[PDB]
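Protein chains in written order, with the numbering used here: chain A, 42 to 100; chain B, 344 to 444; chain C, 1006 to 1096; chain D, 3 to 63.
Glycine is no exception: its CB is placed at the ideal position from the N, C-alpha and C atoms.
Here's the structure we're looking at; comments come further down.
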Amino acid sequence: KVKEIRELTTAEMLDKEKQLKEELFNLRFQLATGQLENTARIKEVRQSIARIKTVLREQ
Amino acid sequence: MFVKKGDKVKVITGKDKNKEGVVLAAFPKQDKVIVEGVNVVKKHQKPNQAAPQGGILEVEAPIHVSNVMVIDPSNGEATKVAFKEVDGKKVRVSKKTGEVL
Amino acid sequence: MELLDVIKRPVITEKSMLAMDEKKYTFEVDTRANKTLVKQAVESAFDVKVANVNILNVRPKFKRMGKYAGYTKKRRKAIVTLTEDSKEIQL
Amino acid sequence: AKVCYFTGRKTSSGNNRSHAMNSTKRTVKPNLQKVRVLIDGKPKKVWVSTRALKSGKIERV
RNA sequence: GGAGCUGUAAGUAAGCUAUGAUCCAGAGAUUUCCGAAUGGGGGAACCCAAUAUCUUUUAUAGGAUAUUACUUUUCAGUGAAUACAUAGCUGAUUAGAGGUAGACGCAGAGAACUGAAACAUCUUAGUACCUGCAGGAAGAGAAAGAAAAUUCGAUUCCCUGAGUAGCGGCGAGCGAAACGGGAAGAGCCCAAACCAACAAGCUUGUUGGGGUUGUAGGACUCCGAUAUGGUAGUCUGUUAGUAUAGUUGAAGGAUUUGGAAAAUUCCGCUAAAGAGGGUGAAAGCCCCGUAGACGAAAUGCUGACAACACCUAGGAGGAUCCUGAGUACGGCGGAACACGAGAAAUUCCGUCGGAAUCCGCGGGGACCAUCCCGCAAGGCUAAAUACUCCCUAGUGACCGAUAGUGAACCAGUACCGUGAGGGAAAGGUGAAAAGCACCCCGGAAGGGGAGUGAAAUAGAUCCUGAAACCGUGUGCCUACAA
RNA sequence: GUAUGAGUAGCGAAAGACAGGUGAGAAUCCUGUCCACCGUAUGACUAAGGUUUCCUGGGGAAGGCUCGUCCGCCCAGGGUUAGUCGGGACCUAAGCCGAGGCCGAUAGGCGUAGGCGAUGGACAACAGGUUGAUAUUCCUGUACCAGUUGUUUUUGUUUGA
RNA sequence: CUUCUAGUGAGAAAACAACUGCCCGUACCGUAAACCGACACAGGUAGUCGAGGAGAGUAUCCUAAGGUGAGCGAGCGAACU
Ligand SMILES: [K+]
Ligand SMILES: [K+]
Ligand SMILES: [K+]
Ligand SMILES: [K+]
Ligand SMILES: [K+]
Ligand SMILES: [K+]
Ligand SMILES: [K+]
Ligand SMILES: [K+]
Ligand SMILES: [K+]
Ligand SMILES: [K+]
Ligand SMILES: [K+]
Ligand SMILES: [K+]
Ligand SMILES: [K+]
Ligand SMILES: [K+]
Ligand SMILES: [K+]
Ligand SMILES: [K+]
Ligand SMILES: [K+]
Ligand SMILES: [K+]
Ligand SMILES: [K+]
Ligand SMILES: [K+]
Ligand SMILES: [K+]
Ligand SMILES: [K+]
Ligand SMILES: [K+]
Ligand SMILES: [K+]
Ligand SMILES: [K+]
Ligand SMILES: [Mg+2]
Ligand SMILES: [Mg+2]
Ligand SMILES: [Mg+2]
Ligand SMILES: [Mg+2]
Ligand SMILES: [Mg+2]
Ligand SMILES: [Mg+2]
Ligand SMILES: [Mg+2]
Ligand SMILES: [Mg+2]
Ligand SMILES: [Mg+2]
Ligand SMILES: [Mg+2]
Ligand SMILES: [Mg+2]
Ligand SMILES: [Mg+2]
Ligand SMILES: [Mg+2]
Ligand SMILES: [Mg+2]
Ligand SMILES: [Mg+2]
Ligand SMILES: [Mg+2]
Ligand SMILES: [Mg+2]
Ligand SMILES: [Mg+2]
Ligand SMILES: [Mg+2]
Ligand SMILES: [Mg+2]
Ligand SMILES: [Mg+2]
Ligand SMILES: [Mg+2]
Ligand SMILES: [Mg+2]
Ligand SMILES: [Mg+2]
Ligand SMILES: [Mg+2]
Ligand SMILES: [Mg+2]
Ligand SMILES: [Mg+2]
């Protein structure tokens, strides 16, 4: 969440962004197949990346 | 709306006048509310709804919020609602008795 | 753009499944991605080695629901052929 | 534009009046001349009206 | 703000939410590509680059980031014919391009149909259109004025003068202004003379001081004052208010009809609230509101306060000096003044000629004299005035679906045209989908039952359901009639 | 909006026949057989143009001048694979744009350098196979063009390849 | 594109091995029912290939490859056109 993002460091935030991007890629593949159940997780991950990028820019 | 989910309300207009029940669902945008056992409708349902008969189901339909009044939990009677801040928290108050909620 | 954003999703159809038997996989890719970028993205994402990459532009398809008619989004389709001695992509 | 570099004179529209007072639009032009003059210390050919030159204060390099 | 929420838009599916979501307001971040589009190109939303850094690969290929249009200002460097230089070229710097609101303003250019019962002067009309420039307003504005009551004292706009004075193939028509009454009100800066500084080439350019006028002013020379007042200045602060969300906000139960009460009847109650809207029919007391009270973290806007900033002198003498030149004015040709060359002032443009300067100059409708009024050829200036694409809150003896915007509805859409362009039709089930389970005929469509509903001849071509038109049934008549 | 004409004109150049099948339903859809038509075309390729009309599976509301079980229609999925083919990262014609510039009430007109612009010039791969739908594009086989890294063998290092 | 020097130059060339090579189009109709003619319209639509007998021939008749039976029919066999 936003509080945790602010706690993290610059390098930590960048690594978290990469991890979330990979997870979003995996979710896209699972949704393309029938292997995804929690569809809302995609929007959650996208908004999480948005929060991380917003914090990065406001630093 | 002045009435809220889970409230005990009295119907003051309609075929179900003077009945009392708990609020099951609230729709502020429509200014409507559903009270258990109030305004029940027979609905001709095809069996496509996981019920392998379809049948004639019975369900409560919403009624306009203005047609109900919150039941005083302390007195058990319907009353109008004022708003008083109690101990720094805004709450509903019965105009007939002054009890909260 | 980011490599992880280059590839959007796989394509599962009869033609794509036959491609897989020949060890080639069909992906929908960003419409601005060229086959060289697609090759780089596939290698990074899947650890495989890419032998070749073919790419097509799928035109928007006209559709209509009731009284409203429009076009499906244009797409870019890439068939990626992996070399021998390469891990298969798992879906 | 074909405008006096100093006095700002420029082409304008007038009337042709016959003895019957019939009116038709005409163009009335100033008497401009291409003259080599010093602007900010450098020579240049610019349009200048004979009226502007009349005083003699405009250098004639 | 306090309980639901993931739009229209149901449905499934998956989720969020008192750890305060959705939602509302202020601020901020991201904001692909085209488009003035501006690295170059281009058939807009596409293509291809150079330079520098970074990234993928063993490496080429590949990717990301930043800069790179043209012109204007300024500076600097380089630098031709040519010696000096300039011009060019390079870099940096500076501010412009484009769109609007089909409105309002100023200016350039500028019709015809039409009227004259024809038509050319004239009128339509300096209108329509095109173009440039703008500002929130613009334009005008501080007398070379209006007058001749003796006076007034910048401009603008309104009423009036007045359809008058006048203009006009003296036709058709066009048509003032001053006085008077009002809205609003505000006055100020330079050029010049003179002094000082600076540089060059005693004057001759820059800077500063000085001066801004007609009951003539200023310089200059004497004196005396170094005040008194003001501002049309500032992202200067403080303060108050206000705009952009909101909070609170009185008082009704029964009775009869009805599917349903607000309607009827009976008794009540509130009102700083009996505006309005919704609710199963018509509600002061059911809901949203209204009167009233209250409220702003954040950003705007306004007014005040202070701060800073900037303007602000009195009296006396003229010997001399200054007071806007190719200007005023005149000829010629046009144009604007209500005024069409007319006796023609006044003002403007083009061309040519061309003054005086305080014993001076301009105007007072040709012109001269006297008298009176004013002081051009430099600039700025708020308010009263004009308009509304927009946003907010309202109003209507304004329209109510062939009306009202073309468009109440996915309308400048469908459709038409190569293109500019032209341009529609189309609102209403029910209180509530309770949108007809199930059965029967049928392949379906569509019906008949059975149900929902107060009502289904309210069944989605759905409120009402007219006429034309079509059809069924029949009380009377009709196959010797024009 | 609905009549009248009126159940009238018309149903747009030509050969179909029968058997079987499907289907609620068949002159009209499918299969078969014979017959007939075009064959410098009514065949096979392609440019432009159209823009999914292509393939598969469903459907018979509307459209098809009849019918329709069918379709270039409707519904749902799917389909276009390039270093070598055409175009761009190559060149230019006509024409067009046009830095400065010339000209001009405004707007703008013209035009140099420089560019754009093919219908032309230059340019490396062909045969076969494969799918329901793509193929000098995928696959098989065998090539060619441009270039990078490496190994080796050669040869030049400033009278310098 | 091939040469010439000017310039530039410490690395070039050959063989071999391995490897790299971007963007747009690619469906389908295309002397037509899919384009231009409002139509599934007797019209128009550039270029290529376009066979055999007789034949000068791409004429003409009948055929090959290949394509097609034309999106209303069944009767009757009057006038009239
Ligand atoms: K452009
Ligand atoms: K407007
Ligand atoms: K006329
Ligand atoms: K007339
Ligand atoms: K002004
Ligand atoms: K009048
Ligand atoms: K007359
Ligand atoms: K002064
Ligand atoms: K109610
Ligand atoms: K009411
Ligand atoms: K404030
Ligand atoms: K005159
Ligand atoms: K005067
Ligand atoms: K009804
Ligand atoms: K009858
Ligand atoms: K008719
Ligand atoms: K008829
Ligand atoms: K079918
Ligand atoms: K060509
Ligand atoms: K193809
Ligand atoms: K022969
Ligand atoms: K022949
Ligand atoms: K047929
Ligand atoms: K007959
Ligand atoms: K006949
Ligand atoms: Mg391709
Ligand atoms: Mg560009
Ligand atoms: Mg006339
Ligand atoms: Mg402005
Ligand atoms: Mg209240
Ligand atoms: Mg009452
Ligand atoms: Mg006049
Ligand atoms: Mg003159
Ligand atoms: Mg005069
Ligand atoms: Mg007089
Ligand atoms: Mg006087
Ligand atoms: Mg003003
Ligand atoms: Mg009506
Ligand atoms: Mg209308
Ligand atoms: Mg009825
Ligand atoms: Mg009706
Ligand atoms: Mg008889
Ligand atoms: Mg009889
Ligand atoms: Mg007849
Ligand atoms: Mg036919
Ligand atoms: Mg022939
Ligand atoms: Mg087909
Ligand atoms: Mg089919
Ligand atoms: Mg039919
Ligand atoms: Mg040109
Ligand atoms: Mg094919
Ligand atoms: Mg093809």
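Counterpart residues of residue i in DSSP-defined beta bridges
{"i": "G1075(C)", "result": "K1068(C)"}
{"i": "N18(D)", "result": "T26(D)"}
{"i": "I1012(C)", "result": "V1034(C)"}
{"i": "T1086(C)", "result": "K1029(C) and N1057(C)"}
{"i": "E401(B)", "result": "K385(B)"}
{"i": "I41(D)", "result": "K44(D)"}
{"i": "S51(D)", "result": "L34(D)"}
{"i": "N1062(C)", "result": "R1081(C)"}
{"i": "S89(A)", "result": "Partner(s): none; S89(A) has no beta bridge."}
{"i": "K433(B)", "result": "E428(B)"}
{"i": "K347(B)", "result": "Beta-bridge pairing links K347(B) to no other residue."}
{"i": "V443(B)", "result": "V436(B)"}
{"i": "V376(B)", "result": "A369(B) and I406(B)"}
{"i": "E363(B)", "result": "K353(B)"}
Buried/exposed call for residue i, threshold 16 Cβ in 10 Å
{"i": "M23(D)", "result": "exposed"}
{"i": "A393(B)", "result": "exposed"}
{"i": "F70(A)", "result": "buried"}
{"i": "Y1030(C)", "result": "buried"}
{"i": "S51(D)", "result": "buried"}
{"i": "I41(D)", "result": "exposed"}
{"i": "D1090(C)", "result": "exposed"}
{"i": "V413(B)", "result": "buried"}
{"i": "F426(B)", "result": "exposed"}
{"i": "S437(B)", "result": "buried"}
{"i": "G441(B)", "result": "exposed"}
{"i": "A369(B)", "result": "buried"}
{"i": "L34(D)", "result": "buried"}
{"i": "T1041(C)", "result": "exposed"}
{"i": "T422(B)", "result": "buried"}
{"i": "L1087(C)", "result": "buried"}
Whole-angstrom C-beta distance between residue j and residue i, which should lie under 8 Å
{"i": "residue 17(A)", "j": "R92(A)", "result": "Residue 17(A) falls outside the range modelled here, since chain A spans only 42 to 100, and no answer is possible."}
{"i": "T26(D)", "j": "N18(D)", "result": "5 Å"}
{"i": "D359(B)", "j": "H407(B)", "result": "Not quite, the Cβ-Cβ distance comes to about 12 Å (not below 8 Å), so this is no contact."}
{"i": "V378(B)", "j": "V354(B)", "result": "7 Å"}
{"i": "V1053(C)", "j": "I1094(C)", "result": "6 Å"}
{"i": "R1081(C)", "j": "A1038(C)", "result": "7 Å"}
{"i": "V30(D)", "j": "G16(D)", "result": "4 Å"}
{"i": "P1015(C)", "j": "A73(A)", "result": "5 Å"}
{"i": "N382(B)", "j": "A404(B)", "result": "5 Å"}
{"i": "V424(B)", "j": "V443(B)", "result": "11 Å between Cβ atoms; not a contact."}
{"i": "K36(D)", "j": "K46(D)", "result": "That pair is no contact at about 10 Å."}
{"i": "residue 1(D)", "j": "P32(D)", "result": "Nothing about residue 1(D) can be reported from this structure: the residues present for chain D run from 3 to 63 only."}
{"i": "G380(B)", "j": "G397(B)", "result": "The pair is not a contact, with the Cβ atoms about 23 Å apart (cut-off 8 Å)."}
Please output, in chain order, the residues near ligand 9 using a CB cut-off of less than 6 Å to any non-hydrogen atom of the ligand. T356(B), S409(B) and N410(B)
Mind listing, in chain order, the continuous alpha helix (DSSP H) runs of no fewer than 4 residues lying wholly within the region 46-90 of chain A? 51-73
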